[PDB]
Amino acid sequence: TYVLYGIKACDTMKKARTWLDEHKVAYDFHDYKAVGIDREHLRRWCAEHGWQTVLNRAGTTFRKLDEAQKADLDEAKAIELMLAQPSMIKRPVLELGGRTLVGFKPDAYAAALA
């Protein structure tokens, strides 16, 4: 089972789902606004990709954090931030079985699924 993680109202999600849907890929959608997220997922994604890849530091939600919250980040600290505020997780995450894709690069989707 492929699993796509994110939210509905996101242009990157819309783009990625259009790619998947048009390529007739079956996937489950894990919607943070419907079901949240847990540490087990975040630990796995960060292990594979790095917390700087999984955490959307460029995004508005991170920008708004207080000083202490942004200081001296490492994997453990980044995971706690994302756990409480899933808006900070880069979108999408796509679980392929043995590995995941973070963000939407059509060539990576093609390499994995076409």
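Position 1 is the first residue in the sequence shown; the rest follow in order.
- For the pair 29-37 and 56-64, the mean Cα B-factor is higher in 56-64.
- Of the two segments examined, 67-75 and 80-88, it is 67-75 that shows the higher average Cα temperature factor in the deposited entry.
- The entry lists a Cα temperature factor for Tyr5 that places it in the lowest third of the chain's modelled residues.
- For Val102, the recorded CA B-factor ranks within the middle third of the chain. Only modelled residues enter the ranking.
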